[PDB]
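Here the chain labels run A, B, C, D and E in written order, and each chain numbers its own residues starting at 1.
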Amino acid sequence: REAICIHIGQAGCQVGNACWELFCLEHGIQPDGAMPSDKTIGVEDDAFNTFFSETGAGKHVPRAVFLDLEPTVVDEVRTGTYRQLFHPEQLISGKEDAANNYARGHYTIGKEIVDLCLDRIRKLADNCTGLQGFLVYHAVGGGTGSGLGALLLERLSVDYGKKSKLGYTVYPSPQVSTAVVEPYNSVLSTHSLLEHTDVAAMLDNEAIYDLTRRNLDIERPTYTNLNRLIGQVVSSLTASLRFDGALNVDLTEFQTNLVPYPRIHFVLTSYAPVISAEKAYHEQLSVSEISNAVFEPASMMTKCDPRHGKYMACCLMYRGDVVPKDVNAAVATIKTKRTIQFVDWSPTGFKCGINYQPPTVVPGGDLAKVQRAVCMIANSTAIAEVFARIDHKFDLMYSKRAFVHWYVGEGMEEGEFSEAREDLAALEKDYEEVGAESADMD
Amino acid sequence: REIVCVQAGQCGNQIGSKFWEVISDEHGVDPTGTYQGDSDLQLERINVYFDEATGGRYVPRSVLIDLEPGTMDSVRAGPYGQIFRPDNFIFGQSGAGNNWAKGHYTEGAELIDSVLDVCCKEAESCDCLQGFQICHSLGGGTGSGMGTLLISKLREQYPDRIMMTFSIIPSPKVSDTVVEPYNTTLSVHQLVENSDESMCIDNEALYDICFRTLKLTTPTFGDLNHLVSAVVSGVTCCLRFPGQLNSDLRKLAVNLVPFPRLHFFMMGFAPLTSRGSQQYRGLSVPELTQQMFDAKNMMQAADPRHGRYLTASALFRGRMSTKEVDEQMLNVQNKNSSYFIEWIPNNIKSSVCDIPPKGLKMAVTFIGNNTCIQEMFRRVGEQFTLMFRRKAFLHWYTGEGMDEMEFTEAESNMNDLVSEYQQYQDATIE
Amino acid sequence: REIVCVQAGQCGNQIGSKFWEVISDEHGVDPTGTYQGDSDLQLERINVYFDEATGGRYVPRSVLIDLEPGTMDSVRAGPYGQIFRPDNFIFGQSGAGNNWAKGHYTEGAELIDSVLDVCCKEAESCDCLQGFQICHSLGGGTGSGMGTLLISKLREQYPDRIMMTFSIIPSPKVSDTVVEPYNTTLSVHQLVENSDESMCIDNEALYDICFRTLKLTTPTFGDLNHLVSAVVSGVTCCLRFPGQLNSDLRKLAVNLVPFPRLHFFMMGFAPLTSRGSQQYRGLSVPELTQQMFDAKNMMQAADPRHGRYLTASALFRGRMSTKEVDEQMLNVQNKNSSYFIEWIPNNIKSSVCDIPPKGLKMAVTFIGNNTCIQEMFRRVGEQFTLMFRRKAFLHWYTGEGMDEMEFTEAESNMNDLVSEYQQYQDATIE
Amino acid sequence: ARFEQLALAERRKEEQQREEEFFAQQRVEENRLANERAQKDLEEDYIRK
Amino acid sequence: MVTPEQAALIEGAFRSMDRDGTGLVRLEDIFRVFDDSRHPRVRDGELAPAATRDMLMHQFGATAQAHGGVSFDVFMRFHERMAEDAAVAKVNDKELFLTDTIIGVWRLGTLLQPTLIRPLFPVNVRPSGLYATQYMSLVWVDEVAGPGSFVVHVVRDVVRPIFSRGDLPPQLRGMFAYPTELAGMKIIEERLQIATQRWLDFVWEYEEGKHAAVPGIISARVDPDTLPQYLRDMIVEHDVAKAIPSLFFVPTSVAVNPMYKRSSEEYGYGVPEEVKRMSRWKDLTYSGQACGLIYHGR
């Protein structure tokens, strides 16, 4: 039933604001933690339990921690509108940043802050009776997100063991960039993330900018739009735990159905009825139209074209007024298409889910109100193209040791760069080998 | 995260007075020291530059040092002079004589213990110390010699903190003093070991900014010191206000310097608009980016078109889209690709801050690490060698006690700095 | 689809001032720059010529260039002069001396970089750039030399856009200057290489228009510049308003020029009629076509009856039937069949636009490609050869640095242009 | 419900229009300040003469 | 030439400027009334304000020292020269330029009754965008030099613009002025006193026993000893003002300042209305009688 969210660094805290705004408005908890209800009977509504626990006075409080090394963003959360919702202990802040250095987060500064984080996670886990995973939001381009995210995932993986850890990760875009040292941090992050995560969802800001320009009519988008879209995706994936439906899907079913081999746990995400209010009155939104939408490359939230690879598994989440016969007819029609190909060892390529609760509309939001939506996460060999361009940029910088003196001075051996680069090279070879048709090797 | 300022010599104290006027205005501090601001956002980070006196008062974290009290009496007589703590004014009893050796060896060792005592007293009061900020000229006498002495002592005492310097260097044409090459060469020698990051400004470039861009009929040193105070207060803006993509002096240093000797940077500030053409152009991100890279708006005599950019940084203030920033920096790098060093895939860092300077809708400050800086040092070295061969004024310095071997060492070190810049300047795809 | 205007020299600045008055009136822009119009159709294409400055205002996308500021100060003093952006005025400190070589080699190369910088800054601001529009005289000094220099540079930098020119050329009858043939010959040599389409006007033709058609007793240059501004604003009118059969500068060029050297055109504008006569004749399509083809109304000294039409174009403004246009163009082609080149089956393109110029129900502008334009160049070449054999004033040009070989090249190129037109005239075949 | 969504969008449009008017006023104010500075300089020169 | 309305304006200026019934005006009145701050060249910033006095002397003194003053005809032909010089001006329009330059230079029109300050916008109109945030100044007339000498005492930035000056009585409208309206008249500055950021109330009377007030417009840093007796009588602390029987409060509105607002404030926008509607929807679904979109909890 319940899940605990850990937000690290700047992207993770700002995405957390959008997520908790959506979860509050969807369940109906007031910004001060209240929950008005005028009927004295019919209070048996446990759905909040997945994200909130109630105190003996009836206040609701959310199952989240906010972790950052600079104070400004969490102090902005402390003085904002949701001041009374969070317990002040949950908003954790250090004194100084990791200065875009993975080495400062991992070796020098995160070792001091990590034990407080583990004590907080323990304090959450003691107020639980059926934890079935952690949701983690972070970007691998920055210093504290990379270093402390790796250190915290390692400690969580030793202490809690088999419990699932699901990551939503913002990778450095292939040509949009914000800092020079992004390749080193992204390679070193990916090395740790390979061993210590159960499912990793990949996002690229360049794709969400393209989607917001083409489908929505926004000329000058800003991070609040992207974060609201991400919150909607997470709400769609966790809706299967919280509301009634025809075919429910527990979070363990995603990992069992989408991951064929233990290293192949990186998934693509897309969302279908991204449409504006003015467009919404011009179109019907049947099951087959939105099912066709999640497979168009114009719908992807990562800059990769799945037509350059083969699908291994697809998980289709339908929410709203949908009938199973229409889902079956849509999936059979998609299967007929010639630009969609599955590896010959995966005959039953699809998993379906159907939930009755339609997606919520947020007062300041930019999405239209729609009666049904579908969200897709899929595992495909095309992602190998995403790693190769990062590897080329890392090789370009590392050939002249362009910035290594900061990392070696702050405490890391130069050997660690070569180890991580060879391990990610082996991951690229794994994705090359797994995609070879068995009919060719006889 | 608090910065301590040091102001040295006449130029440093004069620039400092305007800087503390600008900062006190931006945070709404009256010259009596009383808070008069109009939003809580002003108060909540006042600690960064001010210390708290008992019930209301604010004191500016600055040490004023000079060898003749004329300047300190002028700043104390100024409109904001009262704000400064009296014990923070350090002065001697005889002048530097425009001589580096006097400032370094004779009056320097006499005063230096009292400045370190004051800076440590000021430093140890902070709960966590961020870098120091120092303003001085390299062409003067007490500024160059005692400033670099103090910098060396602070680097011994605080090697884990940040050291940041703003430095004025003599134009080859506006000669106010005959012995400028000696003071400049010895100061650059001190700076390349001691400093973490040093910014260089030509007074000739500020005159060309004023005359061509602002078309001022009768500029004064108040205008030049206002331009400098504008850039100085802009670099720290992300330290002390919220924003969508925070940045920090240490993050700038980590992203700008590929190798530890290459730490000298150019400065510019974009939204300078002429006195009679303001109704004709609205502020926008294309306008700021186009003005920001125009060499008319750069504060050194060397022009970027004769060199190549290793790295650059832009700090934006105001409510603006990240999409416009990222796509502008990509388009500028792609369209002018020959002027960007090719073994780095993206040379520009961006940062965005919510709170603009008062009375402007938007502003950007630009920091650039460009090899054309070698032209300033080469010019200073030519002028130094021409005089030294014949011993033009050397007896003053030798009479103070310097060995002649110091001049050849300092010349060799500056020549090696020029060579290091020159190799990266002229590389090509081969 | 944005147009950039350039106005060069005295003639260019005066014609530009009257043109921007007529265009600002047609779109209802106040001389303060505020939009005060009364239909959305006016607002919806303002972008074509204006950029939007903050809080309402519009600024006209034009660069003004001249070598002595007397004219520039006169245009700034005019009734609409304030609308122009101050930074768009480029001027030197000493005159062209009415000498082509000075304007091309000495003051040209000195000033041109600031003009190219302004033109690039202005061009790159458009979201999609349509062709350039160029106004200049060939008889002057800075107009001919620096105008053709700038045209050559713009053709190097933007070879895929359109380059369009309106050009004033001297007369054998009412010259203001003795050395006109040199400046004209060298400018026509430069133009025939650089331009995509060029329209030529004789001041003698504007005097005959003013005196004969409008019956003005004492015409002034304001009337001549009004006639020119009327045709100039008419050629682009279909670009910027709706219509039943849209047209564009590129479509005109593609339909008028059979071969790339044959790009010099004659102009006329039809609803010209005196205030006394206007009560006697209503507007209709036969009346406009009859006035439009009357050689009395054409802006060159050469007469069409001495040549042949290769191609022609007519742009109609107003709410009108397509039937009257097609049958009139057929009837005129059939009845006068000896004056149309026989290997093209239909020589006239038509276009129709809904919105007429203010206070006229309908209007047409005519562009014609006729071989009788060769007579003007031959006449100028005659006067040049008469002057050149005796080295009449050559020491000025040779003293600037020109080789005499340029003069023989320019003469040969102009003579070949005249020969090519004469060959295509070839009355009859065999 | 999408009707009410459109209404809220219209309200936001009006708010940003008000902000634009504010910024235009600020630009005019800064021009006035520069003019005042020039006035003071000319006064001092005249007094000298 | 001059239009008849301009002639009427000139006649009004002459008559209002003329003391006694004699048709002569002293040169001191010419000097005192003339406004240099509205001189076109000075406003554009290309002429020094002291140069206007020399021009006035050059045009007027020759007849002023001879006939003891200036008649109407000399004044009218002075304005005829004014129009002749404005004919060749750089401005796009000529009639409006002459009209408003006459109005500006000769200080005619409508002025706030105390201290004679020219308003920027109509007093009955609520403050616009920028002026709703810029602080105003507290000003009162001096007494050692009589009213009409245009000398005032000024305290800077002590009044919020949250109210509208049209609601005040006509004899107190001029007590508060914007910084841009102080140009063109002598000012004497006063010193503040050390205090915290508190906001203080302004009260007055319109009838015996009846009082009216405006809440929280004066900063607590106004030093009461420097002000005259009456002015510090009208300023009183808030709860003491509240305790006064039969008091009316002028409506005040606070406007946001677009210079000091963050990006994260965009998140919690319009949420209480949506959450109220959601709570109503969920309780309606729980009670039954819902046939369309229904809540699907547990």
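FYI, a contact is a pair of C-beta atoms (placed from the backbone, for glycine too) under 8 Å apart; a residue touches a chain by one contact, two chains touch by 3 or more.
**Q** Can you check how far apart chain D and chain E are, centre to centre, with Cα atoms defining each centre and the answer in Å?
**A** 18
**Q** Please work out the Cα centroid separation of chain B and chain D, and write it as a whole number of Å.
**A** Measuring from centre to centre gives 31 Å for this pair.
**Q** Round to the nearest whole Å and give the separation of the Cα centres of chain C and chain E.
**A** Result: the chain centres lie 54 Å from each other.
**Q** Just the number, please: Cα centre separation of chain B and chain C in whole Å.
**A** Comparing mean C-alpha positions, chain C is 54 Å from chain B.
**Q** Quick check on chain D: which residues sit in contact with 2+ other chains?
**A** Residues 8, 21, 23, 26-27, 29, 34-35, 38 of chain D touch two or more partner chains.
**Q** Mark out which residues of chain C touch at least two other chains, giving numbers and ranges.
**A** 54-55
**Q** Among the residues of chain E, which are close enough to touch at least two other chains?
**A** Touching at least two other chains: 262-264, 270.
**Q** How is the touch graph of the chains shaped: line, ring, star, complete or other?
**A** Shape = other; not a path, cycle, star or full graph.
**Q** Could you please write down every pair of chains that are in touch?
**A** Touching chain pairs, listed by label, come out as A-B, A-D, A-E, B-C, B-D, B-E, C-D, C-E, D-E.
**Q** Enumerate the contact residues on chain E facing chain C in the complex.
**A** Touch residues, chain E against chain C: 90, 92.
**Q** Would you pull the chain D residues touching chain C in the complex into a rising list?
**A** Touch list, chain D to chain C: 20-21, 23-24, 27.
**Q** Over in the complex, which chain B residues touch chain E? Could you list them?
**A** Going by the criterion above, the answer is residues 30, 32, 34-39, 41-42, 56, 242-244, 319, 354-356, 358.
**Q** Applying the document's contact rule, which stretches of chain B touch chain D when the two form their complex?
**A** 217-218, 275-276, 278-279, 283, 359, 361
**Q** In their shared complex, at which residues does chain A touch chain E?
**A** Chain A residues touching chain E: 14, 17-18, 21, 24-26, 28-31, 35-39, 41-42, 44-47, 76-77, 80-82, 222, 224, 242-245, 355-358, 362-364.
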